[PDB]
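**Student:** Chains as they are written, first to last, in the UniProt record's numbering: chain A, 6 to 61, 68 to 195; chain B, 6 to 195; chain C, 6 to 61, 68 to 195; chain D, 6 to 61, 68 to 195.
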Ligand code: HEM
Ligand code: HEM
Ligand code: HEM
Ligand code: HEM
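As structure tokens, this is what we get:
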């Protein structure tokens with residue numbers, strides 16, 4: 006998967022303790038790690054059906076800004092990495108390697124690295140306000156996929172809440188290159 | 006409620022269209038507005054029980070008390086916790102029952118400045134931790150969303166009712182934090 | 006100097022803009038900052054003489076209230092901090108650090124923290140009316156010391172007026188814990 | 006100066022006595038404190054010239076590790092703090108405040124906080140061996156600047172040796188987060 010750089014990016018300037026504190030704040034515990042891995046099982050085999058809901068109004072950020080035309084090759088390549096992110100979110104251990112890639116992913120929404128990974132000339136920057144807003148649809152979208160394979164509501168809620176915790180935590184990490192020095 | 010300034014704050018530097026776009030991004034529709042108002046009914050009469058989970062000076066609040074504290078001594082400011090708790094109590098019902106209009110937007114922006122070094126501590130005249138880091142505001146989206154759901158369900162009803170109320174609350178919390186981030190983010194990055 | 010906490014106190018609940026507006030109102034400009042620093046030169050070597058005029068209708072507030080007896084220790088320790096305040100007033104940059112200490116000093120006249128710094132059992136509270144009244148003697152007392160080393164009357168007036176501006180500004184800050192919520 | 010945190014950092018886990026013993030071992034006495042302050046006079050007005058020799068052999072540690080490309084903003088911001096360190100080394104009183112900042116500076120070479128201050132993704136860790144080796148060039152580089160303004164060789168040697176003592180003492184402090192528990 007071109008540009009997919011999990012495990013191959015530089016050290017994010019967030020410390021291990023600050024990360025641990027962040028996981029504590031979103032209440033990401035051992036239970037959620039289990040629920041996440043279980044979401045990975047439930048979602049593994051529905052990724053394309055998830056991808057069709059999300060990536061294949069914010070089309071604009073996949074576009075050439077001067078013409079407003081979307082970049083097919085940008086959408087395809089990001090979609091593929093997003094497909095991997097679905098399973099990275101569920102199945103990776105949320106360790107320094109994970110933190111570093113989440114930070115990378117945040118830089119790629121940011122003017123710092125947006126468009127660079129796919130070599131496209133695109134909207135340079137995704138405003139923070141939309142990254143945070145997106146927490147809702149990207150959280151809520153997953154839940155029908157978590158439930159389709161049945162099980163217990165407490166299973167579905169545990170998986171769902173763990174996913175929710177991860178999305179928030181990710182966006183919390185991503186905000187670091189968006190926020191003023193000292194305000195993060 | 007001292008410091009509670011809903012309807013009495015200055016114009017936030019966010020336009021009406023950017024706000025509307027933000028509500029559209031979190032998918033805050035007329036269904037959610039209805040669900041929010043219905044959460045207001047379900048929650049109004051459980052606020053103190055909600056407040057005890059989140060904010061008091063005899064609450065249950067966790068790794069967060071520090072931001073209610075004197076930084077040099079680490080001691081929490083009882084009067085800060087009580088006054089904020091009262092405003093938080095009103096915020097619960099403001100979140101459910103207010104119309105999400107310019108007046109609302111302006112107060113959400115105010116509330117974000119009050120977590121920010123710009124106005125934290127000023128409202129209660131306390132000498133406190135000057136600034137709540139953005140990372141924690143965003144992280145808090147989860148516990149402040151998830152905490153509400155048992156209270157939405159206690160009075161029974163339909164799961165689709167509870168989910169509608171719950172999701173609307175979720176949308177509001179995200180939208181609020183999205184607004185609050187504006188004084189935290191670099192010029193042009195919001 | 007025990008209790009002398011310049012640079013080591015918490016954030017006063019006064020904003021940077023409200024402080025700047027306050028300096029604007031007392032007309033504290035770049036000229037006064039220069040004149041203040043020059044007062045610092047003129048006064049540093051007369052502090053003890055200054056202190057003997059001021060601290061070594069006030070005495071009651073240095074006293075045990077039940078017996079009316081003054082607390083030697085309290086007077087000695089405050090005098091020392093006052094000695095430092097003379098030079099802090101002239102030589103510090105009037106920035107957030109300064110503002111925070113002025114606010115601290117106001118709390119120490121207030122029932123909020125009077126007596127705490129020196130661990131004394133004393134008159135709990137200095138009434139605001141006397142803090143404001145004291146603006147005059149604490150301003151006017153300094154002027155002979157500003158003039159003793161000679162120079163130009165315009166020098167002496169510039170130093171004197173800057174000192175006057177600072178004393179007012181300080182008391183203006185101190186009033187915040189004395190005034191009703193919303194009335195400051 | 007962004008990130009420049011002298012006087013604003015937490016308590017280093019080195020005691021006052023262990024610090025005093027360290028100054029005793031490098032033979033940092035009252036004479037050196039005087040010589041240091043005199044170096045401060047001699048160097049204050051040559052800092053940029055000094056900075057151009059050192060920071061604007069080990070560029071890699073200012074770099075992105077994956078690409079080896081140096082981070083201009085990292086070099087700029089560190090250079091500015093280094094400029095302040097030159098004058099902090101000469102002019103500060105070597106007290107607890109100073110010790111705490113030296114410890115901070117050592118953590119910033121260490122994997123514990125390297126890159127965090129400037130939010131850069133960089134080489135995570137400066138190996139201890141290079142911190143110690145650097146004692147020589149960072150000591151010897153200063154001496155022509157100490158001599159340029161003339162004076163006595165005994166003046167230049169006193170300033171030079173005091174600088175030498177400080178650099179060693181600093182690195183001695185910095186080694187604490189690098190060394191095994193109990194071996195420092
Ligand atoms: C309104 C908000 C958002 C918009 C408009 C947006 C759009 C984009 C775009 C254009 C890219 C590719 C950026 C580049 O490298 O040039 C991208 C990458 C990605 N986004 Fe977003 N995004 C948003 C928020 C989010 C959120 C909250 C998540 C949650 C994780 C997310 C997940 C991803 C993933 C997984 C990728 C691919 C990352 C990779 O390269 O591995 N996005 N998104
Ligand atoms: C989604 C996240 C959050 C929500 C929904 C929320 C809600 C609120 C509300 C409603 C208020 C009072 C507003 C008013 O004065 O009218 C408030 C104030 C406050 N909250 Fe938060 N809060 C959040 C995050 C946080 C975090 C992470 C902390 C860290 C402990 C925190 C600590 C405080 C403090 C110290 C105040 C007093 C602020 C001040 O000095 O004015 N809050 N919060
Ligand atoms: C009638 C008016 C005043 C009375 C009775 C008074 C008395 C006192 C007392 C009892 C203290 C010790 C407070 C404590 O317990 O810490 C004190 C501290 C002090 N006062 Fe006043 N004061 C008055 C007005 C002023 C004014 C106008 C100034 C001008 C700046 C001033 C300057 C100071 C200073 C510098 C200190 C030491 C602050 C520190 O702790 O560093 N006072 N005064
Ligand atoms: C081979 C050895 C060294 C290398 C490769 C190196 C490189 C660096 C780097 C990359 C930084 C930025 C660190 C950060 O991310 O915060 C830095 C900061 C700094 N270095 Fe070194 N350094 C070395 C040894 C030394 C020595 C012996 C000194 C003597 C004091 C010194 C003085 C400084 C100073 C003063 C700063 C800025 C401290 C501050 O943030 O205030 N370095 N150096």
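For every residue, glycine included, the Cβ atom is placed at its ideal position computed from N, Cα and C.
Does the separation of the CB atoms of residue 169 of chain C and residue 37 of chain C fall below 9 Å?
**Tutor:** On the third chain, residue 169 of chain C is found 158 positions in, with the first residue counted as 1. On the third chain, residue 37 of chain C is found 32 positions in, with the first residue counted as 1. In this structure, residue 37 of chain C lies closer than 9 Å to residue 169 of chain C by Cβ.
**Student:** Along the chain, where does the alpha helix (DSSP H) containing residue 156 of chain A start, and where does it finish?
**Tutor:** The residue labelled residue 156 of chain A in the question sits at position 145 within the first chain. Looking at the DSSP string, the run of the alpha helix (DSSP H) that includes residue 156 of chain A is 139–159.
**Student:** Any C-beta of chain A sitting closer than 9 Å to the C-beta of residue 145 of chain B?
**Tutor:** What you label residue 145 of chain B is simply residue 140 of the second chain in a count that begins at 1. Residue contact with chain A for residue 145 of chain B: present (Cβ-Cβ distance below 9 Å to some residue of chain A).
**Student:** Within 9 Å (strictly less), CB to CB, does residue 19 of chain A reach chain D?
**Tutor:** Against the first chain, residue 19 of chain A aligns to sequence position 14. So yes, residue 19 of chain A belongs to the interface.
**Student:** So what's residue 7 of chain B in DSSP terms, helix, strand or just coil?
**Tutor:** Taking the first residue of the second chain as 1, we reach residue 7 of chain B at position 2. Coil at residue 7 of chain B, not helix or strand.
**Student:** Does chain B have any CB closer than 9 Å to the CB of residue 11 of chain C?
**Tutor:** The residue labelled residue 11 of chain C in the question sits at position 6 within the third chain. Closer than 9 Å: no.
**Student:** Checking the sheet assignment: what are the DSSP bridge partners for residue 74 of chain B?
**Tutor:** For the purposes of this step, residue 74 of chain B is taken as the residue at position 69 of the second chain. Bridge partners of residue 74 of chain B: B/81.
**Student:** Mind listing which residues of the region 118–131 of chain D have their C-beta closer than 9 Å to chain A's C-betas, in chain order?
**Tutor:** 122, 123, 124, 125, 126, 127, 128, 129, 130 and 131
**Student:** If you run the structure through DSSP and keep just helix, strand and coil, what is residue 101 of chain C?
**Tutor:** Counted from its first residue, the third chain places residue 101 of chain C at position 90. DSSP places residue 101 of chain C in helix when its eight states are reduced to three.
**Student:** For residue 109 of chain D, which residues from the same chain have a beta carbon less than 6 Å from its beta carbon, with the 5 sequence-adjacent residues on both sides left out?
**Tutor:** Taking the first residue of the fourth chain as position 1, residue 109 of chain D is located at position 98. Contacts found: 103.
**Student:** Would DSSP call residue 30 of chain A helix, strand or coil?
**Tutor:** In the first chain, counting from the first residue as 1, residue 30 of chain A sits at position 25. It is helical.
**Student:** Within 9 Å of any Cβ in chain B, is that where the Cβ of residue 188 of chain C sits?
**Tutor:** The residue labelled residue 188 of chain C in the question sits at position 177 within the third chain. Output row for residue 188 of chain C: interface = yes.
**Student:** Compare the C-beta of residue 135 of chain D with all C-beta atoms of chain A and state if any pair is closer than 9 Å.
**Tutor:** Here the question's residue 135 of chain D lines up with position 124 in the fourth chain. It does; some Cβ of chain A falls within 9 Å.
**Student:** Bridge partners for residue 65 of chain A per DSSP, in chain order?
**Tutor:** Shown without residue 65 of chain A, the model has chain A running from 61 straight on to 68.
**Student:** Pull up the CB-CB distance for residue 146 of chain C and residue 178 of chain C, whole angstroms please, since I reckon it's below 8 Å.
**Tutor:** Translated into the one-based positions of the third chain, residue 146 of chain C becomes position 135. Translated into the one-based positions of the third chain, residue 178 of chain C becomes position 167. Correct: roughly 6 Å between the Cβ atoms.
**Student:** Please report whether the beta-carbon of residue 180 of chain B lies at a distance below 9 Å from any beta-carbon of chain A.
**Tutor:** As a working mapping, residue 180 of chain B is identified with position 175 in the second chain. Judged by the 9 Å Cβ criterion, residue 180 of chain B is in contact with chain A.
**Student:** Would you say residue 75 of chain B reaches chain C, if we count a Cβ-Cβ gap shorter than 9 Å as a contact?
**Tutor:** Indexing the second chain from 1 puts residue 75 of chain B at position 70. Yes, its Cβ sits closer than 9 Å to a Cβ of chain C.
**Student:** Pull up the distance between the alpha-carbon of residue 93 of chain B and that of residue 22 of chain C, whole angstroms please.
**Tutor:** Here residue 93 of chain B is taken as the residue at index 88 of the second chain, counted from 1. Here residue 22 of chain C is taken as the residue at index 17 of the third chain, counted from 1. Rounded to the nearest angstrom, the two C-alpha atoms are 27 Å apart.
**Student:** To be precise: take each residue of the region 68–92 of chain A, compare its Cβ to all Cβ atoms of chain B, and keep it if any distance is under 9 Å. Which residues remain?
**Tutor:** Answer set for the region 68–92 of chain A: 68 and 69.
**Student:** Nearer than 8 Å: is that true of the beta carbon of residue 96 of chain A relative to any heavy atom of ligand 1?
**Tutor:** Sequence index remark: in the first chain, residue 96 of chain A carries index 85 (1-based). Checking every heavy atom of ligand 1 against the Cβ of residue 96 of chain A, one is found closer than 8 Å.
**Student:** Can you pull the chain A neighbours of residue 106 of chain B, defined as C-beta to C-beta under 9 Å?
**Tutor:** To locate residue 106 of chain B, count along the second chain from 1; it is residue 101. Residues of chain A passing the Cβ test: none, with the nearest at roughly 18 Å.
**Student:** Could you pull out every residue in the same chain whose Cβ sits closer than 7 Å to the Cβ of residue 182 of chain C, ignoring the five residues on either side in sequence?
**Tutor:** Your numbering for residue 182 of chain C matches position 171 in the third chain. Excluding residues within five positions, the ones whose Cβ falls inside 7 Å are 142, 143 and 146.
**Student:** Within the 9 Å Cβ cut-off, does residue 67 of chain D reach chain A?
**Tutor:** In the structure shown, chain D runs from 61 directly to 68, leaving residue 67 of chain D without coordinates.
**Student:** Quick check on residue 117 of chain A: buried or exposed, where buried means 16 or more other Cβ atoms within 10 Å of its Cβ?
**Tutor:** On the first chain, position 106 is the one that residue 117 of chain A refers to. Buried: at least 16 other Cβ atoms inside 10 Å.
**Student:** Is the beta carbon of residue 6 of chain C sitting closer than 9 Å to the one on residue 91 of chain C?
**Tutor:** One-based indexing of the third chain puts residue 6 of chain C at position 1. One-based indexing of the third chain puts residue 91 of chain C at position 80. Cβ atoms of residue 6 of chain C and residue 91 of chain C: closer than 9 Å.
**Student:** Compare the C-beta of residue 155 of chain B against all C-beta atoms of chain C and say whether one is closer than 9 Å.
**Tutor:** Residue numbering aside, residue 155 of chain B sits at position 150 when the second chain is read from its first letter. So, not an interface residue.
**Student:** Within its chain, find whatever has a CB closer than 7 Å to the CB of residue 120 of chain D; leave out the 5 residues flanking it on each side and keep chain order.
**Tutor:** As a working note, residue 120 of chain D is residue 109 in the fourth chain. Same-chain partners within the cutoff: 137, 142 and 185.
**Student:** Nearest-angstrom Cα distance between residue 166 of chain D and residue 45 of chain C?
**Tutor:** If you number the fourth chain from 1, residue 166 of chain D lands on position 155. If you number the third chain from 1, residue 45 of chain C lands on position 40. For residue 166 of chain D and residue 45 of chain C, the distance between alpha carbons rounds to 32 Å.
**Student:** For residue 139 of chain A, which residues from the same chain have a beta carbon less than 7 Å from its beta carbon, with the 5 sequence-adjacent residues on both sides left out?
**Tutor:** The residue labelled residue 139 of chain A in the question sits at position 128 within the first chain. The residues 186 and 189, in chain order, have a CB closer than 7 Å to that of residue 139 of chain A in the same chain once the five nearest residues on each side in sequence are set aside.
**Student:** Evaluate residue 159 of chain D with the Cβ neighbour count: other Cβ atoms within 10 Å of its Cβ, from every protein chain shown; 16 or more gives buried, anything less gives exposed.
**Tutor:** By 1-based counting over the fourth chain, the position of residue 159 of chain D is 148. Classification for residue 159 of chain D: exposed.
**Student:** Determine the burial state of residue 155 of chain C: buried for a count of at least 16 other Cβ atoms within 10 Å of its Cβ, exposed for fewer.
**Tutor:** Looking up residue 155 of chain C in the third chain gives position 144. By the 10 Å Cβ count, residue 155 of chain C comes out exposed.
**Student:** Comparing C-alpha positions only, which one of B/10, B/13 and B/42 sits nearest to residue 172 of chain B?
**Tutor:** As a position in the second chain, residue 172 of chain B is number 167, starting the count at 1. Nearest option by C-alpha distance: B/42.
**Student:** Give a yes or no on whether the C-beta atoms belonging to residue 180 of chain C and residue 27 of chain C are separated by under 9 Å.
**Tutor:** Counting from 1 along the third chain, the entry for residue 180 of chain C is found at position 169. Counting from 1 along the third chain, the entry for residue 27 of chain C is found at position 22. In this structure, residue 27 of chain C lies closer than 9 Å to residue 180 of chain C by Cβ.
**Student:** Any chance the CB of residue 92 of chain C is under 8 Å from a heavy atom of ligand 3?
**Tutor:** In the third chain, the residue the question calls residue 92 of chain C occupies position 81. Result yes, Cβ under 8 Å from ligand 3.
**Student:** Residues of chain A with CB under 7 Å from residue 176 of chain B, in chain order?
**Tutor:** Residue mapping note: residue 176 of chain B aligns to position 171 of the second chain, counting from 1. Near residue 176 of chain B (Cβ distances below 7 Å), the residues of chain A are 147.
**Student:** Report the residue from B/162, B/193, B/194 and B/195 whose alpha carbon sits nearest the alpha carbon of residue 40 of chain B.
**Tutor:** Working through the second chain from its first residue, we reach residue 40 of chain B at position 35. Ranking the options by Cα distance to residue 40 of chain B, first place goes to B/162.
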